[PDB]
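Novice: Before the rest arrives, take these chains from my complex:
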Amino acid sequence: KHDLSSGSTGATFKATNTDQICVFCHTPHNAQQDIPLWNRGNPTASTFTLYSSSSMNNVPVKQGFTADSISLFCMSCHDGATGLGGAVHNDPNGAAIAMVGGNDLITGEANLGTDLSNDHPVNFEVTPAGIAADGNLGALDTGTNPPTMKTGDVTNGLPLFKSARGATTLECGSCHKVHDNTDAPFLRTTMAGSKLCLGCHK
Amino acid sequence: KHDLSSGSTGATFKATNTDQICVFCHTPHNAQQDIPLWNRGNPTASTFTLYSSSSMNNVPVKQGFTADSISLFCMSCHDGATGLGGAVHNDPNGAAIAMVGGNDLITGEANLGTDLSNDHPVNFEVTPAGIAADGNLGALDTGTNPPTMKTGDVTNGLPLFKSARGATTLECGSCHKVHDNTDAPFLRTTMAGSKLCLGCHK
């Protein structure tokens, strides 16, 4: 899916003036941030809302992302308003990347918009006190890099990410693995059987 | 019972084109409401009647549910008219969920229909004035989330739910716990001994 090459066969949206996989994401030189080789323009965090209800631990952090949130990286192409090709910084041929059909914005069901009223919670620090209060959020392992949240049925658990809210924070990349399409839509494991879901919500 | 997986052993009705527990109830993205990850189509409240007699406190609210009533969520599959698989919004494989035998409607004794003339009252605000008038509806605790109605014989009491009629409202989920089948048919405690019944009707 994320093979945006012109010669790709399974890509819904692909360029027409380049053949490279990685220019859409990674540039060897002249990148944006010291988070691996990011060459994509990201929006502001002030225009994003998250899931909030009186059953969680994220009440004060229900508005806005952080400046170092990977969820920002994902929504940079998964917001429905940022150009797929027009947001590049280090373009591959000195000009704007040509897009097929002229639709430089993601559409369809994959579009997420700007409101997360219908999405799984992201960018909040899972805490051992919160886990004890709920009593069902598995366990924590700190000896691994990155630290993972222990599960009673899945090997290696789910990776966690460091953010402003804390060093053990759930994120857009917790479930989705961008590069590996072994279990589409790039889930960390094949979802049939609910075994990934049972990893956390036991 | 509510394990609608194809590989389930104790489910009366199960799908044949999926293996996931939660797609029938919860979808990670593109949900219906900001009430936890609801992916089920609910009917209108105008076609529902409730228990009403000259011994209660719910005389003006004996017709119709609210738009935010959990009882609506439960009757969405427990009405006897809404499709068990056809009412999903975010389907798991891009098509309608296949049902065994083709009976996409609940039948048997578990069917409740649309008339509650033979059911325990639901969706009404229990009030301290009403409790004092009756003199037997236990007591109230507001320091817990959700607020519970105190009982003289059962630990932790019964949870209450917030609705349009009020913040302390009895509901379909007051007695039934959807996920925990420790005491089937998903009662909050084992019913033998009438100890749950004695919790309120002392």
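Specialist: That came in fine, so what should we check first? Numbers count the residues shown, from 1 in each chain, chains lettered A, B, ... in the order given.
Novice: hey, let's count contacts and neighbours off CA atoms from now on
Specialist: Will do.
Novice: Chain B contacts on chain A?
Specialist: A:51, A:53, A:117, A:118, A:119, A:120, A:191, A:192, A:193, A:194, A:197 (CA under 8 Å from any CA of the partner chain).
Novice: neighbours around the fifth one, how many?
Specialist: Each residue near residue A:119 was counted by other CA atoms under 10 Å in any protein chain shown, and the total is 19.
Novice: Which residue comes closest to it once chain neighbours are left out?
Specialist: residue B:29 (4.3 Å; CA to CA, 6 or more residues apart in numbering or on different chains).
Novice: Against residue B:10, how distant is the one you found?
Specialist: According to CA to CA, to the nearest Å, residue B:29 stands 29 Å off from residue B:10.
Novice: Leaving out chain neighbours, which residue sits closest to residue A:159?
Specialist: Using CA to CA, 6+ apart, the nearest residue to residue A:159 is residue A:148, at 4.5 Å.
Novice: follow-up on the earlier one: between residue B:29 and residue B:10, which one's more packed in?
Specialist: Higher neighbour count among residue B:29 and residue B:10: residue B:29, with 18 against 12, using other CA under 10 Å.
Novice: if I pick the more buried one, what's in contact with it?
Specialist: By CA atoms under 8 Å, 6 or more residues apart in numbering or on different chains, the residues touching residue B:29 are A:118, A:119, A:120.
Novice: Which element, helix or strand, includes the residue positioned nearest the centre of chain A?
Specialist: What sits nearest the mean C-alpha location of chain A, by CA atoms, centre = their mean, is residue A:172, with 3.5 Å. With secondary structure defined by DSSP states H and E, residue A:172 is part of neither a helix nor a strand.
Novice: isn't residue A:57 right next to residue A:131, touching?
Specialist: No. Counting by CA atoms under 8 Å, residue A:131 is not a contact partner of residue A:57; they are 9.3 Å apart.
Novice: mind listing the strands for chain A?
Specialist: Assigned strands in chain A, in chain order: A:124-125, A:139-141, A:148-150, A:158-159, A:169-170 (criterion: DSSP state E).
Novice: Out of the ones you listed, which is the most enclosed?
Specialist: Per-stretch averages of neighbours, counted by mean count of other CA atoms under 10 Å in any protein chain shown, single out strand A:169-170 among these, with a mean of 24.
Novice: got the contact list for that one?
Specialist: A:122, A:123, A:124, A:125, A:126, A:160, A:161, A:162, A:163.
Novice: In the residues you listed, find the pair that's most separated.
Specialist: A:122 and A:162 (12.4 Å; CA to CA).
Novice: per the record, what domains does chain A have?
Specialist: Following automatic domain parsing, chain A resolves into domains at A:1-119, A:123-202.
Novice: What about residue A:156, how many residues nearby?
Specialist: By other CA under 10 Å, the residues close to residue A:156 number 12.
Novice: Chain C should go on the structure too:
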Amino acid sequence: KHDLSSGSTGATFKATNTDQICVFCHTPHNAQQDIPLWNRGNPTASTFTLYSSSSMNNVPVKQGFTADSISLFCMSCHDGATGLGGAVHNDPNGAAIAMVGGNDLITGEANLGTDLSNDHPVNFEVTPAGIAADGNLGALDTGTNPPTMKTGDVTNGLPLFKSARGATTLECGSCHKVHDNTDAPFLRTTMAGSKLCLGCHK
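Specialist: Okay, chain C now, added to the rest:
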């Protein structure tokens, strides 16, 4: 007395395959009538006769009960012909309730049979004209729910019930309170001293 649990200590007749107080009387769902949660099979009213003499106001109504008479509910187990356990509708374990000794019918002095030639009158509308004609049937209060017949010596009087013959009708429950055994055999007050009798027959 009416604690029909298997673990009960003072019950003459008790079940052996259940432990619940209320299944014998009340079922949460799938009840019989919109009169509180009735799960007991009642007989026909055409086979019942009542007390009749040329000193009362019930001459035309000396034969048969009404379809909404609480006396029917009481005689449903107090007729001497209806099964104590076999008349349930919503059984607690999917089968007929097991009875100790196999005697599913009430016996002894408590048995009332089908003829009320030796019983206090029931199911007739007490009227202010009739009270004035007799001149001793206390007085009437309509501001209370249910309306009561005023007594000159007892606080709160006797409750009355609504029926087909009228809205102020004496009934089996007028003297007997089914749940409260403070004054056995479930009388509304302790009978020693004839103070209950003096409440009406002054």
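Novice: follow-up on the earlier one: residue contacts, the residue lying closest to the residue nearest to the centre of chain A once chain neighbours are set aside?
Specialist: Computed as CA to CA, 6+ apart, the closest residue to residue A:172 that is not its neighbour in sequence is residue A:71, at 4.9 Å. By CA under 8 Å, 6+ apart, the contact set of residue A:71 is A:65, A:122, A:123, A:171, A:172, A:173.
Novice: where does residue A:71 sit relative to residue A:64, distance-wise?
Specialist: Applying CA to CA, the value for residue A:71 to residue A:64 is 11 Å.
Novice: got it, and residue A:91?
Specialist: Taking CA to CA, one finds residue A:91 at 29 Å from residue A:64.
Novice: Just the closest residue of chain A to chain C, please.
Specialist: residue A:55 (28.8 Å; CA to the nearest CA).
Novice: quick one, what contacts that residue?
Specialist: Applying CA under 8 Å, 6+ apart, no residues qualify as near residue A:55.
Novice: now the helices for chain A?
Specialist: A:70-77, A:128-134, A:195-200 (DSSP state H).
Novice: okay, those in TSV with distance to residue C:178 next?
Specialist: Below are the helices of chain A laid out as TSV (distance: least, CA to CA, whole Å):
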stretch	distance to residue C:178
helix A:70-77	64
helix A:128-134	43
helix A:195-200	49
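Novice: Tell me which of the ones you listed sits most buried.
Specialist: The highest average neighbour count among these, using mean count of other CA under 10 Å, belongs to helix A:70-77 at a mean of 20.
Novice: Export that one to PDB, keeping only CA atoms.
Specialist: Presented in PDB, the C-alpha positions along helix A:70-77 are these (Å, rounded to 0.1, in the frame of the first residue of the first chain):
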ATOM      1  CA  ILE A  70       4.600  10.000  16.100                       C
ATOM      2  CA  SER A  71       0.800  10.400  15.700                       C
ATOM      3  CA  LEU A  72       1.600  13.700  14.100                       C
ATOM      4  CA  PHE A  73       3.900  12.000  11.600                       C
ATOM      5  CA  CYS A  74       1.200   9.600  10.700                       C
ATOM      6  CA  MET A  75      -1.600  12.200  10.400                       C
ATOM      7  CA  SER A  76       0.800  14.300   8.300                       C
ATOM      8  CA  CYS A  77      -0.500  12.100   5.400                       C
END
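Novice: I'd like the distance from it to the chain centre, please.
Specialist: Relative to the centre of its chain, helix A:70-77 is centred 6 Å away, using CA atoms, centre = their mean, to the nearest Å.
Novice: hang on, the earlier thing: with respect to residue C:156, which of the helices of chain A lies nearest?
Specialist: Taking CA to CA, helix A:128-134 is the member of these nearest to residue C:156, at 50.4 Å.
Novice: Residues contacting the closest one, please?
Specialist: A:57, A:137, A:138, A:139, A:140.
Novice: throw chain D onto that model:
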Amino acid sequence: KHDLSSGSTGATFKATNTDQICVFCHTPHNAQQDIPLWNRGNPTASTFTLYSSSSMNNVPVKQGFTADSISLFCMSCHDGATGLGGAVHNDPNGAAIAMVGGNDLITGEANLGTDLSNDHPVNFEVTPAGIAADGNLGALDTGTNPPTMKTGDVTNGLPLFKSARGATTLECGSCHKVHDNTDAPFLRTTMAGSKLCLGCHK
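Specialist: So, slotting chain D in with the rest:
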């Protein structure tokens, strides 16, 4: 006088194991006859003789009472041979009623025995032909319930009772009112002045 309660102050004979006025006469359930709530054992009529002389209209009926005579009810405790407490049918506490001193039989002047050679005539049908023959037995009124024998000096006359000999029959209750002690020994009017006697024997 007829207040046989243990706490009574003016009763010659009173019980010691009960406090109720009416168990001695009336039981709510399980009575003897369809004549109001009779719970007292009555003797046979074959052992009773009546006043008979060649000046009356009761020559063929001078021996024995009827099975439905109220005089039998009165003599059930006013015969001098039937137990005051031992003749109850529906006892108040599951055992024989305890009597003070052990004298369960009425004694003294109030005792009447079994021979009415010294008593006013009872249980005979007064007839208009007989009244015309004597010419002094007042008049008859049939529009009242029960029918009364008209008197020229007393309001409302004397009530009459229905029996086997006829529908207008003098009886033990014609002069004596069991419940009202306004004019002791329970006469229908105060006897001073002979006005009751002048009501009939003008």
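Novice: Please re-evaluate the contacts of residue A:71 in the presence of chain D.
Specialist: A:65, A:122, A:123, A:171, A:172, A:173.
Novice: and the last one, how many neighbours does it have?
Specialist: Same thing as residue A:173. Neighbours of residue A:173 (other CA under 10 Å): 19.
Novice: quick one: contacts for it?
Specialist: Contacts of residue A:173 (CA under 8 Å, 6+ apart): A:70, A:71.
Novice: now do residue A:57
Specialist: For residue A:57, the contact set (CA under 8 Å, 6+ apart) comprises A:126, A:130.
Novice: Next, work out how far apart it and residue A:124 are.
Specialist: Distance of residue A:57 to residue A:124, given as CA to CA: 8 Å.
Novice: now stretch A:61-72: how far from the chain's centre is it?
Specialist: 11 Å.
Novice: nope, stretch A:35-50 is what I meant
Specialist: Put simply, stretch A:35-50 sits 10 Å off its chain's centre (CA atoms, centre = their mean).
Novice: Ends of it, what's the gap?
Specialist: One end of stretch A:35-50 sits 23 Å from the other (CA to CA).
Novice: One more: stretch A:85-105?
Specialist: Start-to-end span of stretch A:85-105 (CA to CA) is 9 Å.
Novice: What residues of it count as buried?
Specialist: A:85, A:86, A:87, A:88, A:89, A:90, A:91, A:92, A:97, A:99, A:104, A:105 (16 or more other CA atoms under 10 Å in any protein chain shown).
Novice: Now for residue A:178, how many residues are close by?
Specialist: Residue A:178 - counted by other CA under 10 Å - has 14 other residues nearby.
Novice: Determine the number of other residues adjacent to the residue lying closest to it once chain neighbours are set aside.
Specialist: In this structure, residue A:178 finds its nearest non-sequential neighbour in residue A:186, 6.2 Å apart by CA to CA, 6+ apart. The tally of other residues near residue A:186 (other CA under 10 Å) stands at 17.
Novice: Quick one: residues contacting residue A:186.
Specialist: Taking CA under 8 Å, 6+ apart, we find residue A:186 in contact with A:176, A:177, A:178, A:179, A:180.
Novice: try 10 Å this time
Specialist: By CA atoms under 10 Å, 6 or more residues apart in numbering or on different chains, the contact list for residue A:186 reads A:1, A:2, A:175, A:176, A:177, A:178, A:179, A:180.
Novice: Wait, the residue nearest to the centre of chain A touches residue A:75, no?
Specialist: Yes. The criterion here is CA atoms under 10 Å, and residue A:172 meets it with residue A:75 at 8.9 Å.
Novice: my guess is residue A:19 meets residue A:7, correct?
Specialist: Yes. Assessed by CA under 10 Å, residue A:19 is found in contact with residue A:7 at 6.8 Å.
Novice: returning to what we had before: between the contacts of residue A:186, which is closest to chain D?
Specialist: Using CA to the nearest CA, residue A:175 is the member of the contacts of residue A:186 that lies nearest chain D, at 75.8 Å.
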